[PDB]
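Shown below, as structure tokens, is a lone chain in the form deposited in one PDB entry; questions about how it binds or moves come after it.
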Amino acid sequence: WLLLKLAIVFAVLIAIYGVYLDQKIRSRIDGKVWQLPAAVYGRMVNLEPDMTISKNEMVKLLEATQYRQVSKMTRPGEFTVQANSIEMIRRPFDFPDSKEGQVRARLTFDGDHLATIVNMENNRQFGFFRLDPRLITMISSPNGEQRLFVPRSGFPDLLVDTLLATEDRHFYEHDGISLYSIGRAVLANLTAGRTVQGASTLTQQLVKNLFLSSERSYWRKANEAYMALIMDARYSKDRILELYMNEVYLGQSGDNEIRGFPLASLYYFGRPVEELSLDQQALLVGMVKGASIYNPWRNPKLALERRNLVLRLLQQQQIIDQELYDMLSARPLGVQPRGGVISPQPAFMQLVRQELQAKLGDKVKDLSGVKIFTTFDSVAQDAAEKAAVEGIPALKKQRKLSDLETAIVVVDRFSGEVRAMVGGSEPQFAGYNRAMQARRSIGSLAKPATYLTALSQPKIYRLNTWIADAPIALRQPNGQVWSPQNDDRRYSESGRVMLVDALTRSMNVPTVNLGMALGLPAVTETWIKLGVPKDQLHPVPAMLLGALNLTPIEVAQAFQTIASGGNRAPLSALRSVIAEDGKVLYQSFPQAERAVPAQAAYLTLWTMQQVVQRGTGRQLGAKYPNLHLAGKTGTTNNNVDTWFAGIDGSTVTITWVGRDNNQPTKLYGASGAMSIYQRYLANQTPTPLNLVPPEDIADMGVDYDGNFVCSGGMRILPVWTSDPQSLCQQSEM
């Protein structure tokens, strides 16, 4: 003719263009679809019968782990409260130790301990019950696209319907050949074009997002149609919407694109997609059309009407009715955290990233769908953050200041595992992390090292050992004379104090005489074993009183070493690093090292309970007498810094209060740091400190003179002896 000969030649190369398209769609799908960023999780708590935890403590623990209080549990991630129990649906979690599904459980309490954890489905007791970890954040992926991969089955059939009720019928590929005829006929041609009117199948919307550019292609829709004919031909409808539901752009976080319903549900609502309500699903689905302008942060009015349109669109099709309509529209969209949620826990994340580098180097950022399990505690953090946010403006007002900063570090007493980190007064927005970057003179926090060095010598130094408290003059290597004074510029009437009272009252003059008698090399060695940085130790008499500049985290290591009964446990934020296939890339293990004798650490801890009960920290002791806290105070010269090292039955807490410019704070007696700690304790349930005396510890009596007696005596002090017959040697006088 011949429009066929050449018109047939058109058919040939467009079908081979189609086999250039199929051969390239496979390359994407058959393997790496996206670079899935790392998942960062908090601690995984194991509930156990007889555990020292109360009903009120557990509610706060559950709430802190994304659990919602209800009256009728219908969903996973919910809990009810009774007079003596908690009923919960422990959500399914891919636990490293063993994968688990939903568990309907009852936690029966008998104050202040958990008695039983019973499965409500079989009436059987659990030897131990696992709590799922809370997702802290995602480590930013380079191409700026954030996703949390959830398989097809993770998506509830309802959200699947809510989606189809807005964008499909799903009998597709060919993709609505008749839609193109109406879609282009409605507008009555004429160039365009407005409205088209959303002439796109789910398989057309997928190919667009996954494979094609933003716009300028009227050629694209037809090129996308060509791809939406290949995809639904070789991939089942189940895979189409598995890929689709993880790709869809749903929001923004500065320079990071929030995409896919799984990460979106947590981002806007704080729940994994499986736990979403219908009003929540409808909004999320409705956002798809335009994710940026349907922002419940920026313009709720618009989003509050869209969600409501999806509510009204769903009732039009089969599923719902106005009995559940009128109320669903009334329910406010959010359920909105109200925070920008740009960078969660920045201070604690610096430690995580630093530790990730030290343990795996570079060849870890190469991998996809990585799972990072941290030591992070949600309860301890919230309490520390609150103490900072509330305590700082309170102190600024009382003392009257224009600026004031803080730093809190909470570590496991025994394991060294970091539970909480506060880098400033505004922890929600941080760039300077004072917990790891603020190097400061520790002041009187340097005192226990000297007493721990002395008490490590049980045949020479004991708690009843008399120390001179009289004027000092120390000739130094310039000729200048060092004359240290006690905070009050006074000396003891008798010219002497006992070791026990010298540390209880943080006495300067008796600490120098003790330190100088032991010698600086000896005290310098204790500091090394406690775990402080080697390059910060300058062995001059001044260091016995605080001429030692450390960060709160470095201080936390030193006090952990002593709080654990003499075992130095290197501080850490990493519990494990797991690949998507389940390969254990990194696994932490106990590496605690015996630093100082058990008995020497016990006598220091016992004396530290005395500072809190009757000495420098007595104001705290009187507020919480039943906790028997072991602590130590710090106030540097010219009120530059206030410090507090507090030990409960479970944690070591280092609180620092000072100004970024190193200026006076008008606060003394560790008043700043001690009242921030006071709030931290008031904001949660601290563990009472019950000291287990190690072997060779004997409570001995002394007379007013400080000499051991057989029976009686006016004062009882613990002593490191296998044979308390030091009494006889003393009594024989």
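Heads up: residue numbers just count along the shown sequence, starting at 1.
The form solved in complex with a partner chain exists for this protein as well; it is not shown, and the discussion that follows is about that form.
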Give a yes or no for residue 214: in the deposited complex, does one of its heavy atoms lie within 4.5 Å of a heavy atom belonging to its partner chain? no
Since only the chain is shown here, I'm wondering whether residue 71 would be in contact with its partner chain in the deposited complex (any heavy atom pair within 4.5 Å). yes
How about residue 426 - does it come within 4.5 Å of its partner chain in the deposited complex, if we only consider non-hydrogen atoms? no
Using the partner position in the deposited complex, report whether residue 319 sits within 4.5 Å of its partner chain, counting heavy atoms only. yes
Tell me the stretch among 490-498, 469-477, 363-371, 323-331 that has any heavy atom within 4.5 angstroms of its partner chain in the deposited complex. 323-331
Taking 4.5 Å between heavy atoms as the contact cutoff, choose which of 542, 520, 158, 115 touches its partner chain in the deposited complex. 158
Among the candidate residues 336, 277, 465, 80, which is the single one with a non-hydrogen atom no more than 4.5 Å from its partner chain in the deposited complex? 277
